[PDB]
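Each chain is listed here by its residues.
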Amino acid sequence: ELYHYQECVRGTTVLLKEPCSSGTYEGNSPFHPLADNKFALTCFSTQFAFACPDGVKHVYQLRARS
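Residues numbered from 1 in each chain as written, not as in the entry; some residues may be left out. Heavy atoms only, no water.

As documented in the archive entry, the model was determined using X-ray crystallography at 2.90 Å resolution.

Under the PDB entry, the chain has the name ORF7a protein and belongs to Severe acute respiratory syndrome coronavirus 2. The PDB lists this entry under the title "STRUCTURE OF THE SARS-CoV-2 ORF7A ENCODED ACCESSORY PROTEIN". Recorded under Function (literature references left out), the UniProt text for the chain is reproduced unchanged: "Plays a role as antagonist of host tetherin (BST2), disrupting its antiviral effect. Acts by binding to BST2 and sequestering it to perinuclear region, thereby preventing its antiviral function at cell membrane. May specifically downregulate MHC-I allele HLA-A*02:01 (HLA-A2)." (UniProt positions renumbered as here; feature names shortened; annotations may be inferred.)

Visitor: Just checking my understanding: could you explain the UniProt feature "disulfide bond" in the chain for this structure?
Guide: Agreement with UniProt is obtained for the disulfide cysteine 8 to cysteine 43: its S-S length of 2.0 Å falls short of 2.5 Å. Highlighted residues: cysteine 8 in strand β1 (residues 6-9) and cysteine 43 in the loop between β5 (38-42) and β6 (46-51), separated in sequence by 35 residues. Taken as a pair, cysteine 8 and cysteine 43 share a single burial class, namely buried. Sulfur atoms of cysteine 20 and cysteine 52, annotated by UniProt as disulfide partners, sit 2.0 Å apart, under the 2.5 Å cut-off for a formed bond. One end of the pair, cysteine 20, is in the loop between β2 (13-17) and β3 (24-26); the other, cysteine 52, is in the loop between β6 and β7 (57-65), and 32 residues separate them in sequence. Residues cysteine 20 and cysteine 52 agree in their burial class; the two are buried. (Disulfide = S-S within 2.5 Å. Helix = DSSP H or I, 4+ residues; strand = E, 2+ residues; numbered from the N terminus. Buried < 20%, exposed > 50% of the residue type's maximum accessible area, 1.4 Å probe, protein only.)

What follows is the structure, encoded as structure tokens:
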């Protein structure tokens, strides 16, 4: 269960690398995949998760600042 943390500016987009190829995503907003195995999303204080095939649950938490 590898945790993540990051601070972003409110409104601005945030692109991040996928912790695994496929896996299953679970968050409070739709999953926006892009090329080169990346996913983007809007900045807002929140937490989501990825379940990867290797058995590692990648938890993500974003903190929004103005």
